[PDB]
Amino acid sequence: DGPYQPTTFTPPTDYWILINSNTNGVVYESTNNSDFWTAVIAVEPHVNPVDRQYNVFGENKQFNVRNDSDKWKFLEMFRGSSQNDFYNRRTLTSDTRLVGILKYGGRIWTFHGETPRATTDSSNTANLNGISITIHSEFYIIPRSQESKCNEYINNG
């Protein structure tokens, strides 16, 4: 199901959005503008610590990023309110360059840790239905029931 072109939309619940990251910089921005902000930054293999400027949620933010590994690093930058600083809540370390997000059961699910054993983690929100996403790369959509397939793709391509 896809690829779909980069766009902004409100994901329906119960579908994995699988994003084929094709450059460094911002992969997706997701917010409900109340208690949930996540931006994922892609950091290429083998770069020293650098202060890079990223356009996240309509603001230029300076993030210190680094990657000493042969894999891409997809940093989840999270804040729980509009006036809080972003922090690197989770990282996905990946040779596949695939990033996943799911709305299900009052929660946002993503993949974190290091391929080929990246696993799902959940963030709670009081407004799941209000979460929309701006996706910067081509993406695919997999039904939650096919998560076994989604895990496979995240971890093996």
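For every residue, the number given is its place in the sequence shown, counted from 1.
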Quick check on the record: does 122 to 130 or 37 to 45 carry the larger mean Cα temperature factor? 122 to 130
Comparing 10 to 18 with 144 to 152, the one whose average Cα B-factor in the PDB entry is higher: 144 to 152
From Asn60, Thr96, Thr110, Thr91, residue of greatest CA B-factor: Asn60
Would you mind checking where the Cα B-factor of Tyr54 ranks among the modelled residues of its chain, as the lowest, middle or highest third? middle
